[PDB]
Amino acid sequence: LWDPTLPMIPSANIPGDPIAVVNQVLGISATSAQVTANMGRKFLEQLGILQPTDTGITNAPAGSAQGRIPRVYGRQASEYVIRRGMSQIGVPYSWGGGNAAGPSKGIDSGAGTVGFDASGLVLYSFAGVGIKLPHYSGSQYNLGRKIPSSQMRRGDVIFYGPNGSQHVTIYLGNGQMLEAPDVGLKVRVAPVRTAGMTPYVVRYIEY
């Protein structure tokens, strides 16, 4: 039922729209959704397609094959997401860690450690193009569009455990995935594991 290489428990479940940026000097703070909207608007502006109605949030309604980002720009969007995640290789794992702005202090166990957990890394990566994801893998599994796992494609998101609750990674193609794996390790590229994998992956960006 679970990937037996990792703890056989649900991943950290961080509610709502957490504060992502705190600047004590300037006296400001902002949430993950704020940062994500701002990045989404910048991305749309860089494609030449920003509209006054755009908040910057680009998610498709769950199950729809139509999101805000045009299909002709989806490969570019996906590659930007992957670049963002890959830039984090070497950052420590932290249980509960990460927000749309970068690694962060975790929760519970991970309260004294700045880093990413699996769903935190995924949310950070996708935030660069305005795709807003909750900080819990099981909730991430309910968004986006399902693709059969046998047909996973670079940029799709792989899940593990019941309800996708254990672990989540970004598929890179060629049998490799980007993940924040477990305590004492760092964000890494690793071979895809099939044990405990859900029968679908999730696609957030169409192309």
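Note that residue numbering begins at 1 and tracks the sequence as displayed.
Got a sec? Mean C-alpha B-factor, which is higher, 44-52 or 23-31? Of 44-52 and 23-31, the stretch with the higher C-alpha B-factor average is 23-31.
Out of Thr36, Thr58, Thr169, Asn163, residue topping the C-alpha B-factor column of the entry: If I rank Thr36, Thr58, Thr169, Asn163 by C-alpha B-factor, first place goes to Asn163.
Highest CA temperature factor in the entry: which of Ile82, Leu123, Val114, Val129? When the deposited C-alpha B-factors of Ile82, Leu123, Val114, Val129 are compared, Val114 is largest.
Chain third (lowest, middle, highest) by recorded CA B-factor, residue given as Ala118: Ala118: CA B-factor falls in the lowest third of its chain.
Sorting the chain's modelled residues by C-alpha B-factor, tell me whether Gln140 ends up in the lowest, middle or highest third. Answer is lowest: the recorded C-alpha B-factor places it there.
CA B-factor placement of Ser87, once the chain's modelled residues are sorted into thirds: Highest third, going by the recorded CA B-factors of the chain.
C-alpha B factor of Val192, ranked within the chain: lowest, middle or highest third? For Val192, whose C-alpha B-factor we compare with every modelled residue in the chain, the answer is the middle third.
Compared with the other modelled residues in the chain, in which third is the CA B-factor of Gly110? Top third by C-alpha B-factor.
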